[PDB]
Amino acid sequence: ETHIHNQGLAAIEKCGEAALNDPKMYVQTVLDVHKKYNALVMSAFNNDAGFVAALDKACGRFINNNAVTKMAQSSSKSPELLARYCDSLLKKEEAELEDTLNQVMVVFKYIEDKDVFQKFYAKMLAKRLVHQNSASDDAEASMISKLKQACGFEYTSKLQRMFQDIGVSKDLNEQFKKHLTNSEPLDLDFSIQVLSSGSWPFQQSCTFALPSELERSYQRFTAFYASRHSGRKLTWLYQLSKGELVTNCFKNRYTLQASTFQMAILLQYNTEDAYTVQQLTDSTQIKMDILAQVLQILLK
Amino acid sequence: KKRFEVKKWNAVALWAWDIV
Numbered sequence: 341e342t343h344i345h346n347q348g349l350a351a352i353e354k355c356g357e358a359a360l361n362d363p364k365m366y367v368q369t370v371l372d373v374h375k376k377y378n379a380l381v382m383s384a385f386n387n388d389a390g391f392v393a394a395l396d397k398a399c400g401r402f403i404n405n406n407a408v409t410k411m412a413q414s415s416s417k418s419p420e421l422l423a424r425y426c427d428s429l430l431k432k438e439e440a441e442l443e444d445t446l447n448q449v450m451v452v453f454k455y456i457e458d459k460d461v462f463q464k465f466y467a468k469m470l471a472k473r474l475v476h477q478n479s480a481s482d483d484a485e486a487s488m489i490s491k492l493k494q495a496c497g498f499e500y501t502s503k504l505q506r507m508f509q510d511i512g513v514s515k516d517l518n519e520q521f522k523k524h525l526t527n528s529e530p531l532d533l534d535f536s537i538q539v540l541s542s543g544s545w546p547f548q549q550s551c552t553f554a555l556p557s558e559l560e561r562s563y564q565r566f567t568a569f570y571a572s573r574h575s576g577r578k579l580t581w582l583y584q585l586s587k588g589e590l591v592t593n594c595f596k597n598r599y600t601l602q603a604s605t606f607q608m609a610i611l612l613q614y615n616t617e618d619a620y621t622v623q624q625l626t627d628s629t630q631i632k633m634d635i636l637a638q639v640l641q642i643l644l645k
Numbered sequence: 019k020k021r022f023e024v025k026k027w028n029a030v031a032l033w034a035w036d037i038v
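Listed in order, the protein sequences are those of chains A and B.
Those letters in the first sequence? Residues 341 to 432, 438 to 645, per the deposited numbering, in order.
Quick note: to get the deposited numbering, add 18 to the position in the second sequence (first position is 1).
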């Protein structure tokens, strides 16, 4: 146990500093040490109970406190990275991914800060499921099932409930499409994701005023919703809205992904071309930090 | 030239009970 603990620590030190911002090879170092000494225990030591126990204790010792954990001065840097690794696996065949997630599980069984990892993974799963960038949902369901078997019952039910929420929203969209199929379709297509507030970790943002270009449509849909279901109200989050743009002016056709903020800024250019920060700030009351981040994203 | 049109609008909303 002492030798294998020092060996895992030595491997992590040999990595040292490039593992703060790259979770893949940190988790892979941990897994390489674990697999080497697990094979050694199974073959040479006849799969004895005490020797596997020593393996488990040393592995759990060097996972939770190592070079990057000390450097960040937070043991929660160990599950966080693991969570990020999961995200890296589930962005946008099946057997390889399933084996990789089982390896993620054999790492995760040694995590003592399970709530930190679970909160990180819940927020990342929410960010994934909201708009786009999700792999085959078979993998996500299998991940939720593995968390079911490993952890308790309530948190995985929370995750399954937000999955059921996205499914219910998809079913409502299908119902709306069916309703429009046997009627007169509108001039434009509207898509919404109706999500439970309790299950999703989102927070209310700054107040925003709807422009006059969509007020009539919004009022009409609100009246229709009240007629169909007067007992439910929609808390609109304009910060998380999306948008696709096609530039039909060049020889080649491009696709641009941008939010409503981008289109509002572009629509503001119909009158002037050069904009002063002070004028827009006084007119719209926008904090310096958020617009600075927006400009940095624009430049990057 | 420099003309933009709206075709799709993907929004997000949360539902909660109106009793309280």
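Where is the CB? At the ideal position from N, CA and C, for every residue including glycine.
Rounded to the nearest angstrom, what separates residue i and residue j at their Cα positions?
{"i": "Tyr425 (chain A)", "j": "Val367 (chain A)", "result": "8 Å"}
{"i": "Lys364 (chain A)", "j": "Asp627 (chain A)", "result": "45 Å"}
{"i": "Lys375 (chain A)", "j": "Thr605 (chain A)", "result": "48 Å"}
{"i": "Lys431 (chain A)", "j": "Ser514 (chain A)", "result": "21 Å"}
{"i": "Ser557 (chain A)", "j": "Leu640 (chain A)", "result": "26 Å"}
{"i": "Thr552 (chain A)", "j": "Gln584 (chain A)", "result": "10 Å"}
{"i": "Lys645 (chain A)", "j": "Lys596 (chain A)", "result": "25 Å"}
{"i": "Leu525 (chain A)", "j": "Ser542 (chain A)", "result": "28 Å"}
{"i": "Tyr377 (chain A)", "j": "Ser544 (chain A)", "result": "41 Å"}
{"i": "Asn361 (chain A)", "j": "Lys468 (chain A)", "result": "18 Å"}
{"i": "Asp36 (chain B)", "j": "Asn593 (chain A)", "result": "45 Å"}
{"i": "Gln494 (chain A)", "j": "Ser487 (chain A)", "result": "11 Å"}
{"i": "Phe453 (chain A)", "j": "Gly588 (chain A)", "result": "37 Å"}
{"i": "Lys26 (chain B)", "j": "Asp532 (chain A)", "result": "11 Å"}
{"i": "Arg577 (chain A)", "j": "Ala554 (chain A)", "result": "21 Å"}
{"i": "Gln638 (chain A)", "j": "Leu371 (chain A)", "result": "37 Å"}
{"i": "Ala398 (chain A)", "j": "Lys472 (chain A)", "result": "35 Å"}
{"i": "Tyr500 (chain A)", "j": "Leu625 (chain A)", "result": "44 Å"}
{"i": "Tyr570 (chain A)", "j": "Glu560 (chain A)", "result": "15 Å"}
{"i": "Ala379 (chain A)", "j": "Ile489 (chain A)", "result": "28 Å"}
{"i": "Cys496 (chain A)", "j": "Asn447 (chain A)", "result": "14 Å"}
{"i": "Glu485 (chain A)", "j": "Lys523 (chain A)", "result": "28 Å"}
{"i": "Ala619 (chain A)", "j": "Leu612 (chain A)", "result": "13 Å"}
{"i": "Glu341 (chain A)", "j": "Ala394 (chain A)", "result": "5 Å"}
{"i": "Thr616 (chain A)", "j": "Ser528 (chain A)", "result": "40 Å"}
{"i": "residue 69 (chain B)", "j": "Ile642 (chain A)", "result": "Since the first residue shown for chain B is 19 and the last is 38, residue 69 (chain B) is missing from the structure and cannot be characterised."}
I want to verify the contact list: residues of chain A whose CB lies under 7 Å from the CB of residue i, in sequence order.
{"i": "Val24 (chain B)", "result": "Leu533"}
How would you list, in chain order, the residues of chain B whose beta-carbon sits under 8 Å from the beta-carbon of residue i?
{"i": "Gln509 (chain A)", "result": "Near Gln509 (chain A) there are no residues of chain B at all, since even the closest Cβ is about 14 Å away, more than 8 Å."}
{"i": "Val475 (chain A)", "result": "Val30"}
{"i": "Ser572 (chain A)", "result": "Residues of chain B passing the Cβ test: none, with the nearest at roughly 15 Å."}
Helix, strand or coil: how does DSSP classify residue i here?
{"i": "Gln613 (chain A)", "result": "helix"}
{"i": "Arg21 (chain B)", "result": "coil"}
{"i": "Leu559 (chain A)", "result": "coil"}
{"i": "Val38 (chain B)", "result": "coil"}
{"i": "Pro419 (chain A)", "result": "helix"}
{"i": "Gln607 (chain A)", "result": "helix"}
{"i": "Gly497 (chain A)", "result": "coil"}
{"i": "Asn387 (chain A)", "result": "coil"}
{"i": "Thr621 (chain A)", "result": "coil"}
{"i": "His476 (chain A)", "result": "coil"}
{"i": "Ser490 (chain A)", "result": "helix"}
{"i": "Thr409 (chain A)", "result": "helix"}
{"i": "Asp362 (chain A)", "result": "coil"}
{"i": "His574 (chain A)", "result": "coil"}
{"i": "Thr342 (chain A)", "result": "helix"}
{"i": "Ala554 (chain A)", "result": "coil"}
{"i": "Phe402 (chain A)", "result": "helix"}
Using 8 Å as the threshold, is the C-beta distance between residue i and residue j below it?
{"i": "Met450 (chain A)", "j": "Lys503 (chain A)", "result": "no"}
{"i": "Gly348 (chain A)", "j": "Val373 (chain A)", "result": "yes"}
{"i": "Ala603 (chain A)", "j": "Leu590 (chain A)", "result": "yes"}
{"i": "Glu439 (chain A)", "j": "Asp483 (chain A)", "result": "yes"}
{"i": "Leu442 (chain A)", "j": "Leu429 (chain A)", "result": "yes"}
{"i": "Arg401 (chain A)", "j": "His345 (chain A)", "result": "yes"}
{"i": "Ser586 (chain A)", "j": "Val24 (chain B)", "result": "no"}
{"i": "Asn405 (chain A)", "j": "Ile352 (chain A)", "result": "no"}
{"i": "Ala359 (chain A)", "j": "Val392 (chain A)", "result": "no"}
{"i": "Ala423 (chain A)", "j": "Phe462 (chain A)", "result": "yes"}
{"i": "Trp33 (chain B)", "j": "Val539 (chain A)", "result": "yes"}
{"i": "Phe535 (chain A)", "j": "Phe498 (chain A)", "result": "no"}
{"i": "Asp458 (chain A)", "j": "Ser415 (chain A)", "result": "yes"}
{"i": "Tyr455 (chain A)", "j": "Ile403 (chain A)", "result": "yes"}
Note down, in chain order, every chain B residue with its Cβ under 7 Å from the Cβ of residue i.
{"i": "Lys587 (chain A)", "result": "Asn28"}
{"i": "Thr600 (chain A)", "result": "Within 7 Å Cβ-Cβ: nothing; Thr600 (chain A) doesn't reach chain B, min ~13 Å."}
{"i": "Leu611 (chain A)", "result": "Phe22"}
Strictly by DSSP, which residues pair up with residue i?
{"i": "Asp534 (chain A)", "result": "B:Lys26"}
{"i": "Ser541 (chain A)", "result": "B:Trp33"}
{"i": "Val591 (chain A)", "result": "A:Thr600"}
{"i": "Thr580 (chain A)", "result": "B:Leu32"}
Under 9 Å between beta-carbons, which chain B residues line up against residue i? List them in chain order, please.
{"i": "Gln538 (chain A)", "result": "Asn28, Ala29, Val30, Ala31"}
{"i": "residue 287 (chain A)", "result": "No information on residue 287 (chain A) is available, as it lies outside the stretch 341 to 645 that chain A covers here."}
{"i": "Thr580 (chain A)", "result": "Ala31, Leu32, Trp33, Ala34"}
{"i": "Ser541 (chain A)", "result": "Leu32, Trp33, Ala34"}
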